>>> print(open('coords-v2.txt').read())   # compact mmCIF, C-alpha atoms
# COMPACT_ATOMS: atom_id res chain seq x y z
CA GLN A 3 3.87 2.72 19.40
CA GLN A 4 0.69 2.87 17.34
CA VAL A 5 0.90 4.97 14.16
CA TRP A 6 -1.82 5.91 11.64
CA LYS A 7 -1.53 5.63 7.86
CA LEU A 8 -3.59 8.05 5.76
CA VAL A 9 -3.92 7.12 2.11
CA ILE A 10 -5.02 9.85 -0.36
CA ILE A 11 -5.47 8.81 -3.99
CA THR A 12 -5.98 11.80 -6.34
CA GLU A 13 -5.14 13.09 -9.81
CA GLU A 14 -1.51 13.70 -10.81
CA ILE A 15 -2.12 17.44 -11.22
CA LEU A 16 -2.77 17.87 -7.47
CA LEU A 17 0.75 16.58 -6.55
CA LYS A 18 2.12 19.95 -5.46
CA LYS A 19 -0.87 21.36 -3.61
CA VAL A 20 -1.46 18.17 -1.67
CA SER A 21 2.22 17.73 -0.79
CA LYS A 22 2.21 21.30 0.54
CA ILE A 23 -0.89 20.58 2.68
CA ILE A 24 0.91 17.54 4.08
CA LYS A 25 4.10 19.35 5.10
CA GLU A 26 2.42 22.45 6.55
CA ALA A 27 0.45 20.07 8.77
CA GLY A 28 3.69 18.60 10.13
CA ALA A 29 3.89 15.06 8.82
CA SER A 30 6.63 12.63 9.86
CA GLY A 31 7.03 10.92 6.47
CA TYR A 32 4.94 10.69 3.32
CA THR A 33 5.35 8.57 0.23
CA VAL A 34 3.87 8.92 -3.24
CA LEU A 35 3.31 6.22 -5.85
CA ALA A 36 1.86 6.47 -9.34
CA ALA A 37 -1.51 4.86 -9.87
CA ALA A 38 -4.28 4.17 -12.36
CA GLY A 39 -8.03 4.16 -11.85
CA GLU A 40 -10.66 2.45 -14.00
CA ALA A 56 -2.62 5.26 -17.65
CA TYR A 57 -0.86 6.19 -14.40
CA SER A 58 -2.46 9.64 -14.27
CA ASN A 59 -3.33 9.28 -10.57
CA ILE A 60 -1.07 9.41 -7.54
CA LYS A 61 -1.28 7.64 -4.17
CA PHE A 62 -0.13 9.40 -0.99
CA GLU A 63 0.80 7.48 2.14
CA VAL A 64 1.20 9.72 5.17
CA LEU A 65 2.19 8.30 8.54
CA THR A 66 1.02 10.22 11.59
CA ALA A 67 1.63 9.76 15.31
CA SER A 68 -1.96 10.67 16.22
CA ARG A 69 -5.32 9.85 14.68
CA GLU A 70 -6.13 13.53 15.13
CA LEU A 71 -3.43 14.72 12.72
CA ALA A 72 -4.47 12.09 10.16
CA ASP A 73 -8.09 13.31 10.55
CA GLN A 74 -6.78 16.88 10.24
CA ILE A 75 -5.03 16.27 6.90
CA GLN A 76 -7.91 14.20 5.56
CA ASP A 77 -10.49 16.92 6.43
CA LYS A 78 -8.38 19.58 4.71
CA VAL A 79 -7.89 17.66 1.43
CA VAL A 80 -11.55 16.55 1.35
CA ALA A 81 -13.09 19.95 2.12
CA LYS A 82 -10.82 21.53 -0.49
CA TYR A 83 -10.65 19.06 -3.41
CA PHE A 84 -13.13 16.18 -2.82
CA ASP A 85 -15.91 17.79 -4.87
CA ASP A 86 -14.12 18.86 -8.06
CA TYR A 87 -11.57 16.04 -8.35
CA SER A 88 -11.51 12.26 -8.23
CA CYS A 89 -10.41 11.37 -4.71
CA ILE A 90 -10.19 8.32 -2.42
CA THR A 91 -8.98 8.56 1.13
CA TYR A 92 -8.90 6.22 4.12
CA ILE A 93 -6.94 5.55 7.30
CA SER A 94 -5.55 2.46 8.98
CA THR A 95 -3.23 1.72 11.89
CA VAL A 96 0.32 0.43 11.71
CA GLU A 97 2.98 -0.77 14.14
CA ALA A 98 6.75 -0.73 14.62
CA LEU A 99 7.48 2.56 12.90
CA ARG A 100 11.17 3.28 12.47
CA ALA A 101 11.66 6.46 10.43
CA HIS A 102 14.67 8.42 9.11
CA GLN B 3 -2.24 -18.73 11.64
CA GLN B 4 -1.71 -14.92 11.30
CA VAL B 5 -0.05 -13.19 8.33
CA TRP B 6 1.93 -9.98 8.85
CA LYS B 7 2.97 -7.39 6.26
CA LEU B 8 6.28 -5.59 6.60
CA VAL B 9 6.89 -2.39 4.72
CA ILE B 10 10.36 -1.06 4.05
CA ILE B 11 10.59 2.26 2.22
CA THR B 12 14.15 3.10 1.30
CA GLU B 13 16.51 4.46 -1.35
CA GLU B 14 16.56 2.73 -4.73
CA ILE B 15 20.28 2.01 -4.27
CA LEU B 16 19.68 -0.66 -1.57
CA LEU B 17 17.47 -2.80 -3.79
CA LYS B 18 19.96 -5.68 -4.04
CA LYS B 19 21.13 -5.43 -0.42
CA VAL B 20 17.64 -5.31 1.05
CA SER B 21 16.42 -8.02 -1.33
CA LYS B 22 19.27 -10.19 0.00
CA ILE B 23 18.25 -9.86 3.66
CA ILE B 24 14.65 -10.63 2.70
CA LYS B 25 15.58 -13.74 0.72
CA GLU B 26 18.13 -15.05 3.23
CA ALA B 27 15.40 -14.97 5.87
CA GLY B 28 13.12 -17.06 3.66
CA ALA B 29 9.85 -15.12 3.47
CA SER B 30 6.48 -15.95 1.88
CA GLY B 31 7.24 -13.53 -0.99
CA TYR B 32 7.74 -9.88 -1.67
CA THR B 33 6.86 -7.10 -4.07
CA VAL B 34 8.67 -3.83 -4.78
CA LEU B 35 7.09 -0.58 -5.96
CA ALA B 36 8.75 2.56 -7.26
CA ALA B 37 7.93 5.53 -5.09
CA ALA B 38 8.88 9.10 -4.21
CA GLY B 39 8.92 10.61 -0.76
CA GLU B 40 9.46 13.66 1.44
CA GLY B 41 8.88 14.77 5.04
CA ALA B 56 10.79 11.41 -9.88
CA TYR B 57 10.54 8.16 -7.94
CA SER B 58 14.04 7.62 -6.49
CA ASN B 59 12.82 5.31 -3.69
CA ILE B 60 11.51 1.77 -3.47
CA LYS B 61 8.77 0.29 -1.31
CA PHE B 62 9.17 -3.36 -0.25
CA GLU B 63 6.02 -5.19 0.85
CA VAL B 64 7.10 -8.46 2.59
CA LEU B 65 4.42 -10.89 3.75
CA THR B 66 5.61 -13.12 6.64
CA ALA B 67 3.94 -16.13 8.22
CA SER B 68 4.84 -14.83 11.70
CA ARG B 69 5.40 -11.54 13.49
CA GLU B 70 8.83 -12.77 14.62
CA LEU B 71 10.09 -13.28 11.09
CA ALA B 72 8.87 -9.77 10.16
CA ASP B 73 10.57 -8.33 13.25
CA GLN B 74 13.71 -10.16 12.21
CA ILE B 75 13.92 -8.92 8.63
CA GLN B 76 13.14 -5.45 10.04
CA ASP B 77 15.91 -5.50 12.66
CA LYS B 78 18.81 -6.07 10.25
CA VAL B 79 17.68 -3.62 7.64
CA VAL B 80 17.33 -1.10 10.46
CA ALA B 81 20.60 -2.06 12.19
CA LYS B 82 22.47 -2.05 8.85
CA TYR B 83 21.09 0.93 6.91
CA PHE B 84 18.96 3.13 9.16
CA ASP B 85 21.64 5.57 10.28
CA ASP B 86 22.94 6.29 6.78
CA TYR B 87 19.94 6.14 4.42
CA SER B 88 16.40 7.44 4.24
CA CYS B 89 14.42 4.49 5.45
CA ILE B 90 10.88 4.03 6.70
CA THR B 91 9.59 0.74 7.99
CA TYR B 92 6.54 -0.57 9.79
CA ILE B 93 4.36 -3.66 10.15
CA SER B 94 0.68 -4.56 10.05
CA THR B 95 -1.68 -7.56 9.79
CA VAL B 96 -3.36 -9.07 6.75
CA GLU B 97 -5.90 -11.91 6.41
CA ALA B 98 -6.89 -14.37 3.67
CA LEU B 99 -3.46 -14.84 2.08
CA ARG B 100 -3.32 -16.95 -1.12
CA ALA B 101 0.00 -17.17 -3.00
CA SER C 2 -17.60 4.16 12.83
CA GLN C 3 -17.19 2.83 9.25
CA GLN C 4 -15.33 -0.48 8.79
CA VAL C 5 -14.28 -1.23 5.19
CA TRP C 6 -12.43 -4.16 3.62
CA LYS C 7 -9.52 -3.71 1.19
CA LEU C 8 -8.62 -6.58 -1.13
CA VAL C 9 -5.09 -6.62 -2.60
CA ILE C 10 -4.36 -8.66 -5.74
CA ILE C 11 -0.79 -8.70 -7.02
CA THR C 12 -0.46 -10.44 -10.36
CA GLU C 13 1.35 -10.53 -13.70
CA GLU C 14 0.80 -7.44 -15.86
CA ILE C 15 -0.54 -9.62 -18.71
CA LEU C 16 -3.76 -10.10 -16.72
CA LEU C 17 -4.80 -6.46 -16.39
CA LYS C 18 -8.07 -6.51 -18.34
CA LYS C 19 -9.06 -9.99 -17.16
CA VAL C 20 -8.95 -9.25 -13.43
CA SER C 21 -10.18 -5.71 -14.09
CA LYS C 22 -13.30 -7.35 -15.53
CA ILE C 23 -13.62 -9.78 -12.62
CA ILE C 24 -13.53 -6.76 -10.30
CA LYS C 25 -16.04 -4.97 -12.53
CA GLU C 26 -18.42 -7.90 -13.04
CA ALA C 27 -18.35 -8.65 -9.30
CA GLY C 28 -19.96 -5.24 -8.67
CA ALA C 29 -17.28 -3.35 -6.74
CA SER C 30 -17.23 0.47 -6.93
CA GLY C 31 -13.79 0.62 -8.54
CA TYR C 32 -10.13 0.01 -7.75
CA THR C 33 -6.59 1.35 -7.90
CA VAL C 34 -3.80 -0.21 -9.97
CA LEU C 35 -0.13 0.21 -9.14
CA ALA C 36 2.80 -1.11 -11.14
CA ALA C 37 4.99 -3.51 -9.17
CA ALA C 38 7.87 -6.00 -9.42
CA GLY C 39 8.05 -9.61 -8.23
CA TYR C 57 9.12 -9.57 -13.05
CA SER C 58 6.67 -6.76 -13.81
CA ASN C 59 3.34 -7.10 -11.95
CA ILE C 60 0.26 -5.09 -11.17
CA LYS C 61 -1.22 -4.60 -7.70
CA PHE C 62 -4.98 -4.06 -7.44
CA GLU C 63 -6.51 -2.45 -4.37
CA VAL C 64 -10.27 -2.98 -4.24
CA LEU C 65 -12.46 -1.46 -1.53
CA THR C 66 -15.66 -3.22 -0.48
CA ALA C 67 -18.24 -2.17 2.08
CA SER C 68 -18.91 -5.88 2.64
CA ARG C 69 -16.40 -8.60 3.54
CA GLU C 70 -18.64 -10.86 1.44
CA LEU C 71 -17.84 -8.95 -1.77
CA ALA C 72 -14.08 -9.06 -1.20
CA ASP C 73 -13.95 -12.85 -0.92
CA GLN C 74 -16.01 -13.43 -4.07
CA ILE C 75 -13.56 -11.35 -6.09
CA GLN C 76 -10.75 -13.26 -4.39
CA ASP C 77 -12.33 -16.66 -5.11
CA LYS C 78 -12.86 -16.22 -8.85
CA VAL C 79 -9.42 -14.67 -9.37
CA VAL C 80 -7.43 -17.41 -7.65
CA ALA C 81 -9.81 -20.00 -9.13
CA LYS C 82 -8.78 -19.17 -12.70
CA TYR C 83 -5.15 -18.14 -12.20
CA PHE C 84 -2.75 -18.85 -9.31
CA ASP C 85 -2.29 -22.44 -10.52
CA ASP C 86 -0.52 -21.27 -13.70
CA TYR C 87 0.11 -17.55 -13.05
CA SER C 88 2.08 -15.77 -10.33
CA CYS C 89 -0.47 -14.49 -7.84
CA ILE C 90 -0.55 -12.94 -4.36
CA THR C 91 -3.79 -11.78 -2.75
CA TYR C 92 -4.93 -10.92 0.77
CA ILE C 93 -7.48 -8.78 2.64
CA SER C 94 -7.36 -6.25 5.45
CA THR C 95 -9.51 -3.43 6.80
CA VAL C 96 -9.34 0.35 6.67
CA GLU C 97 -11.59 3.00 8.14
CA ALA C 98 -12.61 6.67 7.59
CA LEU C 99 -13.34 6.02 3.91
CA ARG C 100 -14.22 8.90 1.56
CA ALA C 101 -14.41 8.45 -2.21
CA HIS C 102 -15.50 10.40 -5.31
>>> encode(input="coords-v2.txt", output="structure tokens")
Amino acid sequence: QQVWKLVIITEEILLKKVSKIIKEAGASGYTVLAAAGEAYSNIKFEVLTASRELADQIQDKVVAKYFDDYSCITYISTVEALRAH
Amino acid sequence: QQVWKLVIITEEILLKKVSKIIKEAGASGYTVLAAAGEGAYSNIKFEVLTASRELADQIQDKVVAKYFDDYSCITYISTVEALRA
Amino acid sequence: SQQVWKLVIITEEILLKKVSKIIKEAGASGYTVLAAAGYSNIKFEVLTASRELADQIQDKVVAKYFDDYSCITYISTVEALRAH
């Protein structure tokens, strides 16, 4: 089983709106960590998706909607051996 | 020749018990990060770097067999290059 | 379509500014810093459009420290990068 990991790094304030985007898309497990750019006023999302299309779907939505007016970093990579509960 | 990274995302309460499995299997070294997760940061993220896929598989089966049914737990594996430690 | 390298440096908190300046001076866009535990460490994630640039930052860092500071570092690749 190949799984995709979508990282979104944005500003703390966007925690609730970006979480909501993630759920309403139907994610299978997302994690958040606190982070600092160049104070831990940023947050890092890690969203695991069964298809590259859903990862692309969530990335497109967050970019189109917040990429311009907020500091944002997003990227995708593949992972193996997902066991999730 | 190949380094593998094993991620275990689980409840903060298993920090000692998961740390024990990781140590008793004799890994290249690990880091733990506070985190929060859904479908405050009450979870922990282990990143375990192993010299072989088999060792990573072995730490992972164990954790899974022991704690997966009863605790929120996410785990998966991927490859890294250029490891200095 | 767009292959990108991600350098991870996990090191003692005491070296924040030092390695931050190595990452700066080496010309990389920026980075992310996460607090971690080994006790208390920082984890840098640096994105480079060139594998070249990742290994320079790696070289200088492990050159100076590593031999008398706790240090883990490694590289991998990501794709579909967007940044602002």
>>> closest_atom_pairs(input="coords-v2.txt", of="segment 17-88 of chain B", to="segment 31-65 of chain A", cutoff="7 Å", atoms="only C-alpha atoms", output="Markdown table")
| residue | atom | partner | partner_atom | distance |
| --- | --- | --- | --- | --- |
| B:36 | CA | A:35 | CA | 6.7 |
| B:37 | CA | A:35 | CA | 4.7 |
| B:38 | CA | A:34 | CA | 5.1 |
| B:39 | CA | A:33 | CA | 4.2 |
| B:40 | CA | A:32 | CA | 5.7 |
| B:41 | CA | A:31 | CA | 4.5 |
>>> write_last_selection(input="coords-v2.txt", atoms="C-alpha atoms", output="short mmCIF file (atom, residue, chain, number, x, y, z; two decimals), in the frame of the given file")
data_model
loop_
_atom_site.label_atom_id
_atom_site.label_comp_id
_atom_site.auth_asym_id
_atom_site.auth_seq_id
_atom_site.Cartn_x
_atom_site.Cartn_y
_atom_site.Cartn_z
CA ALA B 36 8.75 2.56 -7.26
CA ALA B 37 7.93 5.53 -5.09
CA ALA B 38 8.88 9.10 -4.21
CA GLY B 39 8.92 10.61 -0.76
CA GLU B 40 9.46 13.66 1.44
CA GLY B 41 8.88 14.77 5.04
#
>>> closest_atom_pairs(input="coords-v2.txt", of="chain A", to="chain B", cutoff="9 Å", atoms="all atoms listed in the file", output="CSV")
residue,atom,partner,partner_atom,distance
A:21,CA,B:40,CA,8.6
A:24,CA,B:41,CA,8.5
A:25,CA,B:41,CA,6.6
A:28,CA,B:41,CA,8.2
A:29,CA,B:41,CA,6.3
A:30,CA,B:41,CA,5.7
A:31,CA,B:41,CA,4.5
A:32,CA,B:39,CA,5.7
A:33,CA,B:39,CA,4.2
A:34,CA,B:38,CA,5.1
A:35,CA,B:37,CA,4.7
A:36,CA,B:37,CA,7.5
A:95,CA,B:94,CA,7.6
A:96,CA,B:94,CA,5.3
A:97,CA,B:93,CA,5.1
A:98,CA,B:92,CA,4.8
A:99,CA,B:92,CA,4.5
A:100,CA,B:91,CA,5.4
A:101,CA,B:90,CA,4.5
A:102,CA,B:88,CA,5.3
>>> closest_atom_pairs(input="coords-v2.txt", of="chain C", to="chain A", cutoff="7 Å", atoms="all atoms listed in the file", output="JSON lines")
{"residue": "C:31", "atom": "CA", "partner": "A:40", "partner_atom": "CA", "distance": 6.6}
{"residue": "C:32", "atom": "CA", "partner": "A:39", "partner_atom": "CA", "distance": 6.2}
{"residue": "C:33", "atom": "CA", "partner": "A:39", "partner_atom": "CA", "distance": 5.1}
{"residue": "C:34", "atom": "CA", "partner": "A:38", "partner_atom": "CA", "distance": 5.0}
{"residue": "C:35", "atom": "CA", "partner": "A:37", "partner_atom": "CA", "distance": 4.9}
{"residue": "C:96", "atom": "CA", "partner": "A:94", "partner_atom": "CA", "distance": 4.9}
{"residue": "C:97", "atom": "CA", "partner": "A:93", "partner_atom": "CA", "distance": 5.4}
{"residue": "C:98", "atom": "CA", "partner": "A:92", "partner_atom": "CA", "distance": 5.1}
{"residue": "C:99", "atom": "CA", "partner": "A:92", "partner_atom": "CA", "distance": 4.4}
{"residue": "C:100", "atom": "CA", "partner": "A:91", "partner_atom": "CA", "distance": 5.3}
{"residue": "C:101", "atom": "CA", "partner": "A:90", "partner_atom": "CA", "distance": 4.2}
{"residue": "C:102", "atom": "CA", "partner": "A:89", "partner_atom": "CA", "distance": 5.2}
>>> residues_near_point(input="coords-v2.txt", point="(1.4, -19.4, 1.4)", cutoff="9 Å", atoms="only C-alpha atoms", output="PDB file with C-alpha atoms, keeping the file's coordinate frame")
ATOM      1  CA  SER B  30       6.480 -15.950   1.880  1.00  0.00           C
ATOM      2  CA  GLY B  31       7.240 -13.530  -0.990  1.00  0.00           C
ATOM      3  CA  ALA B  67       3.940 -16.130   8.220  1.00  0.00           C
ATOM      4  CA  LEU B  99      -3.460 -14.840   2.080  1.00  0.00           C
ATOM      5  CA  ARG B 100      -3.320 -16.950  -1.120  1.00  0.00           C
ATOM      6  CA  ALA B 101       0.000 -17.170  -3.000  1.00  0.00           C
TER       7      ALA B 101
ATOM      8  CA  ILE C  90      -0.550 -12.940  -4.360  1.00  0.00           C
TER       9      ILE C  90
END
>>> interface_residues(input="coords-v2.txt", of="chain C", to="chain B", cutoff="7 Å", atoms="only C-alpha atoms", output="ChimeraX atom specification")
/C:36-39,89-94
>>> atom_distance(input="coords-v2.txt", atom1="atom CA of residue 65 of chain C", atom2="atom CA of residue 23 of chain A")
25.2 Å
>>> atom_distance(input="coords-v2.txt", atom1="atom CA of residue 6 of chain A", atom2="atom CA of residue 26 of chain A")
17.8 Å
>>> atom_distance(input="coords-v2.txt", atom1="atom CA of residue 28 of chain C", atom2="atom CA of residue 64 of chain C")
10.9 Å
>>> residues_around(input="coords-v2.txt", residues="residue 17 of chain C", least_positions_apart="3", cutoff="10 Å", atoms="only C-alpha atoms", output="number ranges by chain")
C: 12-14, 20-22, 34, 59-62
>>> write_last_selection(input="coords-v2.txt", atoms="C-alpha atoms", output="mmCIF file, keeping the file's coordinate frame")
data_model
loop_
_atom_site.group_PDB
_atom_site.id
_atom_site.type_symbol
_atom_site.label_atom_id
_atom_site.label_comp_id
_atom_site.auth_asym_id
_atom_site.auth_seq_id
_atom_site.Cartn_x
_atom_site.Cartn_y
_atom_site.Cartn_z
ATOM 1 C CA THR C 12 -0.460 -10.440 -10.360
ATOM 2 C CA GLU C 13 1.350 -10.530 -13.700
ATOM 3 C CA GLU C 14 0.800 -7.440 -15.860
ATOM 4 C CA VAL C 20 -8.950 -9.250 -13.430
ATOM 5 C CA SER C 21 -10.180 -5.710 -14.090
ATOM 6 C CA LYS C 22 -13.300 -7.350 -15.530
ATOM 7 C CA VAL C 34 -3.800 -0.210 -9.970
ATOM 8 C CA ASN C 59 3.340 -7.100 -11.950
ATOM 9 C CA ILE C 60 0.260 -5.090 -11.170
ATOM 10 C CA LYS C 61 -1.220 -4.600 -7.700
ATOM 11 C CA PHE C 62 -4.980 -4.060 -7.440
#
>>> residues_around(input="coords-v2.txt", residues="residue 70 of chain C", least_positions_apart="6", cutoff="12 Å", atoms="only C-alpha atoms", output="mmCIF file with C-alpha atoms, in the frame of the given file")
data_model
loop_
_atom_site.group_PDB
_atom_site.id
_atom_site.type_symbol
_atom_site.label_atom_id
_atom_site.label_comp_id
_atom_site.auth_asym_id
_atom_site.auth_seq_id
_atom_site.Cartn_x
_atom_site.Cartn_y
_atom_site.Cartn_z
ATOM 1 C CA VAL C 5 -14.280 -1.230 5.190
ATOM 2 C CA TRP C 6 -12.430 -4.160 3.620
ATOM 3 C CA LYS C 7 -9.520 -3.710 1.190
ATOM 4 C CA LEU C 8 -8.620 -6.580 -1.130
ATOM 5 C CA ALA C 27 -18.350 -8.650 -9.300
ATOM 6 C CA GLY C 28 -19.960 -5.240 -8.670
ATOM 7 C CA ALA C 29 -17.280 -3.350 -6.740
ATOM 8 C CA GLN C 76 -10.750 -13.260 -4.390
ATOM 9 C CA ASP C 77 -12.330 -16.660 -5.110
ATOM 10 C CA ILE C 93 -7.480 -8.780 2.640
#
>>> build_atoms(input="coords-v2.txt", residues="segment 72-91 of chain C", atoms="N, CA, C and O atoms", output="tab-separated table (two decimals), in the frame of the given file")
chain	number	residue	atom	x	y	z
C	72	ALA	N	-15.51	-8.89	-1.00
C	72	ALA	CA	-14.08	-9.06	-1.20
C	72	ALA	C	-13.75	-10.52	-1.51
C	72	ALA	O	-12.97	-10.80	-2.43
C	73	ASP	N	-14.35	-11.45	-0.77
C	73	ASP	CA	-13.95	-12.85	-0.92
C	73	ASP	C	-14.45	-13.46	-2.22
C	73	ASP	O	-13.78	-14.35	-2.77
C	74	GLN	N	-15.59	-13.00	-2.74
C	74	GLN	CA	-16.01	-13.43	-4.07
C	74	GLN	C	-14.98	-13.06	-5.12
C	74	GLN	O	-14.54	-13.90	-5.93
C	75	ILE	N	-14.59	-11.78	-5.15
C	75	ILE	CA	-13.56	-11.35	-6.09
C	75	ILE	C	-12.29	-12.15	-5.88
C	75	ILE	O	-11.63	-12.55	-6.85
C	76	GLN	N	-11.92	-12.42	-4.63
C	76	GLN	CA	-10.75	-13.26	-4.39
C	76	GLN	C	-10.95	-14.65	-4.97
C	76	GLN	O	-10.09	-15.14	-5.71
C	77	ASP	N	-12.10	-15.28	-4.69
C	77	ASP	CA	-12.33	-16.66	-5.11
C	77	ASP	C	-12.17	-16.84	-6.62
C	77	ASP	O	-11.39	-17.69	-7.07
C	78	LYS	N	-12.89	-16.03	-7.40
C	78	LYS	CA	-12.86	-16.22	-8.85
C	78	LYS	C	-11.48	-15.99	-9.40
C	78	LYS	O	-11.01	-16.72	-10.28
C	79	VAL	N	-10.75	-14.99	-8.87
C	79	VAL	CA	-9.42	-14.67	-9.37
C	79	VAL	C	-8.49	-15.85	-9.17
C	79	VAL	O	-7.87	-16.35	-10.13
C	80	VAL	N	-8.35	-16.33	-7.93
C	80	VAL	CA	-7.43	-17.41	-7.65
C	80	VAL	C	-7.94	-18.73	-8.22
C	80	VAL	O	-7.15	-19.63	-8.51
C	81	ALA	N	-9.26	-18.85	-8.41
C	81	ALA	CA	-9.81	-20.00	-9.13
C	81	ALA	C	-9.15	-20.14	-10.50
C	81	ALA	O	-8.54	-21.16	-10.81
C	82	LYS	N	-9.27	-19.09	-11.32
C	82	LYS	CA	-8.78	-19.17	-12.70
C	82	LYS	C	-7.25	-19.19	-12.75
C	82	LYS	O	-6.65	-20.12	-13.32
C	83	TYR	N	-6.60	-18.20	-12.16
C	83	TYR	CA	-5.15	-18.14	-12.20
C	83	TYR	C	-4.54	-18.83	-10.99
C	83	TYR	O	-5.08	-19.85	-10.53
C	84	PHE	N	-3.40	-18.33	-10.50
C	84	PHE	CA	-2.75	-18.85	-9.31
C	84	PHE	C	-2.07	-20.18	-9.61
C	84	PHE	O	-0.88	-20.34	-9.32
C	85	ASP	N	-2.81	-21.12	-10.20
C	85	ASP	CA	-2.29	-22.44	-10.52
C	85	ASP	C	-1.37	-22.44	-11.73
C	85	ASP	O	-0.61	-23.39	-11.91
C	86	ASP	N	-1.43	-21.39	-12.57
C	86	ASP	CA	-0.52	-21.27	-13.70
C	86	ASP	C	-0.17	-19.81	-13.99
C	86	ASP	O	0.21	-19.47	-15.12
C	87	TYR	N	-0.29	-18.95	-12.98
C	87	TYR	CA	0.11	-17.55	-13.05
C	87	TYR	C	0.58	-17.13	-11.66
C	87	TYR	O	0.02	-17.56	-10.65
C	88	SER	N	1.63	-16.31	-11.61
C	88	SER	CA	2.08	-15.77	-10.33
C	88	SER	C	0.99	-14.88	-9.73
C	88	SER	O	0.38	-14.05	-10.41
C	89	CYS	N	0.72	-15.07	-8.44
C	89	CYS	CA	-0.47	-14.49	-7.84
C	89	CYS	C	-0.25	-14.38	-6.33
C	89	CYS	O	0.10	-15.37	-5.69
C	90	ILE	N	-0.44	-13.18	-5.80
C	90	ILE	CA	-0.55	-12.94	-4.36
C	90	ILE	C	-1.84	-12.16	-4.14
C	90	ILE	O	-2.17	-11.26	-4.92
C	91	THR	N	-2.58	-12.51	-3.10
C	91	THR	CA	-3.79	-11.78	-2.75
C	91	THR	C	-4.07	-11.96	-1.27
C	91	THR	O	-3.76	-13.00	-0.68
